[PDB]
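Beneath this line is the structure, given in structure tokens, with notes to follow.
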Amino acid sequence: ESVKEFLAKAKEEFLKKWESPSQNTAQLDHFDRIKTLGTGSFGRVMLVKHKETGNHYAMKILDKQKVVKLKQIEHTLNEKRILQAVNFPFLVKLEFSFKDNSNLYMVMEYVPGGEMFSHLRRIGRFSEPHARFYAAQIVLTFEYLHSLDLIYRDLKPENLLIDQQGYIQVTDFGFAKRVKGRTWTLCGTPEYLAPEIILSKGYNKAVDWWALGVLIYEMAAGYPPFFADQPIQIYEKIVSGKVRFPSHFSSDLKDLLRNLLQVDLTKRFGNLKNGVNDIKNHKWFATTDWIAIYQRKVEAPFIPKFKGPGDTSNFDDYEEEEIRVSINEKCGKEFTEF
Ligand SMILES: O=C(O)c1ccc(C(F)(F)F)cc1
């Protein structure tokens, strides 16, 4: 009942913000630009500093015209409407949002420890306890998101940032969506796609549990289970229902992964009658104190090395490009609700 009542309150609080979203809570000239932390085909993330408070933030900047051309309008509206409404210990917080003639802006907390991906590739693979610590945080995060009827749809090591306490904070809600029932969009990264996405089915929150299987495998092995050189080869392996496990995997880990990486979505852990509890009660998680993880009372496997809230050393280097704001409003109609 304690969990039920927690989730009931979580949904109440989400819905109030979902139904009345915040808008236009800062502007660009309140910030100084420091460094580009990441780039893509329609946006980028920049470390910025608020000129009055001195706080650092990660500012996600989306080019409206490019969002339209790449057919990401609904996805970007989803991302902002969801982020301004959620609240959970393992989600990067949205602090401000606004738009101008050219761009959409989401000003996020800055997590200086960098992406799990970097740390995983540095060390090779995580031990099972280390992978389990991160996996538990994803399980709780998905329990939270799914209870709000949200599907995340972009789990991968690059989207898991490591904070100053060594805990995960999930970033990038660009594919997140509120879904009662099924949804159909092809999105995600190839190695993490569930079979039902590849096969163009109407799919549901079970795709997130599949992706958790992929993530746990990759953390514990150092490479993902369906690895191949070309996407088509990855997709063939994903749909085949065959996975090979390293001999160093424990039997408990292999058993959990067979049930998360279940091609038949109606048999996949997280999507059965007992929901998330089939995962939380699995023997691989027997040492996990779920409440202590939620309360951040467990000592983390490692604390990322960084010098302060302005340190960018754990992120990589990109060409520094202008943030140009047109003299004329672009795509105003499409982004009215942002
Ligand atoms: O919130 C942050 O601290 C942050 C978010 C996103 C990114 C990245 F560029 F990789 F997408 C970096 C940092």
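Following Swiss-Prot, chain A shows residues 14-351, kept in their order.
If you check the header, you will see the structure was determined by X-ray crystallography, 1.4 Å.
Any Cβ shown, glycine's included, is placed from N, Cα and C.
In Swiss-Prot this protein carries:
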BINDING   50-58, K73, 122-128, 169-172  ATP binding site
DOMAIN    299-351  domain 'AGC-kinase C-terminal'
MOD_RES   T49  phosphothreonine
MOD_RES   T196  phosphothreonine
MOD_RES   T198  phosphothreonine
MOD_RES   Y331  phosphotyrosine
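Feature map: annotations from Swiss-Prot on the structure.
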{"residue": "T49", "record": "phosphothreonine", "DSSP (3 states)": "strand"}
{"residue": "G56", "record": "ATP binding site", "DSSP (3 states)": "strand"}
{"residue": "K73", "record": "ATP binding site", "DSSP (3 states)": "strand"}
{"residue": "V124", "record": "ATP binding site", "DSSP (3 states)": "coil"}
{"residue": "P170", "record": "ATP binding site", "DSSP (3 states)": "helix"}
{"residue": "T196", "record": "phosphothreonine", "DSSP (3 states)": "strand"}
{"residue": "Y331", "record": "phosphotyrosine", "DSSP (3 states)": "coil"}
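Proximity to ligand 1 (Cβ under 6 Å from any of its atoms) holds for these recorded positions out of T49, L50, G53, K73, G127, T196: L50.
Of the listed modified residues, namely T49, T196, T198, the sparsest CB environment within 10 A is found at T198. Cβ neighbour count for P170 (ATP binding site) (all protein chains, 10 Å cutoff from its Cβ): 20.
Every protein chain considered, the tally of other Cβ atoms within 10 Å of the Cβ of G56 (ATP binding site) stands at 20. When the domain 'AGC-kinase C-terminal' (299-351) is classified with DSSP, helix, strand and coil residues number 5 helix, 0 strand, 48 coil. Between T198 (phosphothreonine) and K73 (ATP binding site), the C-alpha separation comes to 23 Å.
When the Cα atoms are compared, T196 (phosphothreonine) and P170 (ATP binding site) turn out to be 24 Å apart.
Listed in sequence order, the residues of the same chain lying 6 or more apart from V124 (ATP binding site) and placing their CB within less than 8 Å of its CB are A71, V105, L174, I175, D176, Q182, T184.
Annotation for the binding-site residues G53, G127: lowest Cβ count within 10 Å of the residue's own Cβ, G53. Here the CA atom of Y331 (phosphotyrosine) lies 11 Å from the CA atom of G53 (ATP binding site). The residue listed as 'phosphotyrosine' sits 15 Å from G127 (ATP binding site), taking the CA atoms of both as reference points. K73 (ATP binding site) sits 10 Å from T49 (phosphothreonine), taking the Cα positions as reference.
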